[PDB]
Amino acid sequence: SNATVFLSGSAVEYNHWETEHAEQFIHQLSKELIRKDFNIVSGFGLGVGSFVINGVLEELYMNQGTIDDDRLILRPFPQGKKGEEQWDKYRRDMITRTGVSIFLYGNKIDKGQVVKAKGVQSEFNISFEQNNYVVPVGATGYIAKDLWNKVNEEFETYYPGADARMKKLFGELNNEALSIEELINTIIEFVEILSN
């Protein structure tokens, strides 16, 4: 049954979408996950985490709810050298309660240049190591695209025994022509199948 997902991602740019449009996508994806009775773990990634929070708080507070209901589990990363020493252990810890991991975007500024986000790759590896189903949203580009290609290349390793609907939905995760609503509905239906 629908349980807890890890929502992985970071961004300073959003492939073919303007920032405000990608923010709406992340906000509405997070809201729809809540409305479908999922819980979310988020590491508050730059360019992503704030909009996850925004979508969840909209749904909670329209219902006089509370962040203490643990629909959204927040694990912001400690910044600086001491913090970085714990990031691997912290990731392995925070992913434990999740069973499905979703990957979005994955890019950051390093030395004044936009580069791929290795932390999203690390979260993919950790997720797979505990036998989570992984959901790389290739249409969002960057690491998520690399991960989508990796999974596509060894599909039966990641989704053994998948049915035709799963295969179609997986392909649509990489369809850059889909609207926000169409891409969200693809992700949600795929994650529901993987949770059931």
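Just count from 1 along the sequence shown to find any residue number.
*Asks:* Mean CA B-factor: is it higher for 150-158 or for 45-53?
*Replies:* Stretch with the greater average CA B-factor: 150-158.
*Asks:* Comparing 162-170 with 24-32, where is the mean C-alpha B-factor higher?
*Replies:* Taking the mean B-factor of the alpha carbons in each, 162-170 is higher.
*Asks:* Quick one: which of 104, 100, 73, 109 has the biggest Cα B-factor according to the entry?
*Replies:* Among 104, 100, 73, 109, the PDB entry lists the largest C-alpha B-factor for 109.
*Asks:* When you compare the CA B-factors of 130, 39, 140, 64 as listed in the entry, which one comes out on top?
*Replies:* The listed residue with the largest C-alpha B-factor is 64.
*Asks:* Using only modelled residues of the chain, where does the Cα B factor of residue 185 rank: lowest third, middle third or highest third?
*Replies:* Middle third of the chain for residue 185's C-alpha B-factor.
*Asks:* By the record's CA B-factor, is residue 191 among the lowest, middle or highest third of residues in the chain?
*Replies:* According to the entry, residue 191 has a C-alpha B-factor in the chain's middle third.
*Asks:* Taking the values exactly as deposited, rank residue 92 by C-alpha B-factor within its chain and report the matching third: lowest, middle or highest.
*Replies:* For residue 92, the deposited C-alpha B-factor lands in the lowest third.
*Asks:* Thinking about Cα B factors across the chain, which third does residue 126 belong to?
*Replies:* As the PDB entry reports it, the C-alpha B-factor of residue 126 lands in the lowest third of its chain.
*Asks:* Please say which third, lowest, middle or highest, residue 120 falls into when its CA temperature factor is compared across its chain.
*Replies:* Ranked within chain, residue 120 CA B lands in the lowest tercile.
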